[PDB]
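Okay, structure first, notes after.
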Amino acid sequence: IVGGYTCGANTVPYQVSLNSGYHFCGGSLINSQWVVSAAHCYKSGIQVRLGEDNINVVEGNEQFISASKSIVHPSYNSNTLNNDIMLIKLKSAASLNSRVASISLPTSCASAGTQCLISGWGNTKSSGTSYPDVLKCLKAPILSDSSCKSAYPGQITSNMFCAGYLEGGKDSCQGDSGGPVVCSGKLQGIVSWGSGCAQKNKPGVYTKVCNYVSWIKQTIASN
Ligand SMILES: [Ca+2]
Ligand SMILES: [Zn+2]
């Protein structure tokens, strides 16, 4: 996250870190047994880490649980990143508490202008590499589809939305992929892609979760 702040230990209780020997993507806990992340974060051998703040220090509130199965969206296209969402089932149910909580799925889609909270352990430099050990947060509004489509001609589909600042300076970045974009208490997006990080007129692009609620509900109930 570039231009964000330190969230605070466990202030984003639904945030997860996907680890395969090191942190490689974020995710969101939707209930005691399931996590939603991005399809492009798919890997074999994932361990989900909940109640994390510093990913390099075991501070006492973590739960490390291996995944039993991963389900990438049936129509995920890795070339365009359309339908970039994937579900991860935990081998054991997580113990929800103040530090580990699930986030609600939306009942409707959010409007442009709505302020959201984006979080993760990704790069914090636009021009440079600096990976933080503690969770960074960023408040950013959803942008109108017109400004999103003008920035990425012929690349935005109905399953994506842009959030951020066109002036640049604030944005999600690599290492943040798969993490949450929560607006008005609902999980509305998943960190998916962008053009570099925090560049002027290149906002981040997020998977539009409101379009997948029936798929999510049906899939977890049958697995
Ligand atoms: Ca830790
Ligand atoms: Zn990514």
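Residues take their numbers from the sequence shown, with the count starting at 1. These numbers come from the heavy atoms of this one structure, side chains and all, not from hydrogens, waters or symmetry mates. Each ligand, and each atom within it, is numbered from 1 in the order the structure gives.
Rounding to 10 degrees, one finds that the Ca ion (ligand 1) sits at the corner of an angle of 90° between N54 O and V57 O. The OE1 atom of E52 and the OE2 atom of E62 subtend an angle of 100° at the Ca ion (ligand 1), given to the nearest 10 degrees.
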Checklist entry - Going through the distances and angles, do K89 and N223 end up as a side-chain hydrogen bond (donor to acceptor under 3.5 Å, both in side chains)? => result CA-CA 8 Å; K89 190 184 193 182; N223 285 274; over 6 Å; no
Item to check | Stepwise side-chain contact (heavy atoms from CB on, under 4.5 Å) check, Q63 with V100 | outcome: CA-CA 9 Å; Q63 288 183 56; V100 183; 3.6 Å; yes
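Between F24 and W121, the ring center distance fails the sub-6.0 Å criterion.
The NE2 atom of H73 sits 8.5 Å away from the CD1 atom of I216 when rounded to the nearest 0.5 Å.
Not one N, O or S atom of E59 sits under 3.0 Å from the Ca ion (ligand 1). Under 2.8 Å from the Zn ion (ligand 2) lies no N/O/S atom of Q174, from backbone or side chain alike. At a threshold of 2.8 Å, the Zn ion (ligand 2) has no backbone or side-chain N, O or S atom of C41 nearer than that distance. Within the coordination shell of the Ca ion (ligand 1), defined by N, O or S atoms under 3.0 Å, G51 is absent.
More than 12 heavy atoms of other residues, nucleotides or ligands lie within 6.0 Å of NZ in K43, so this atom counts as buried by the packing criterion.
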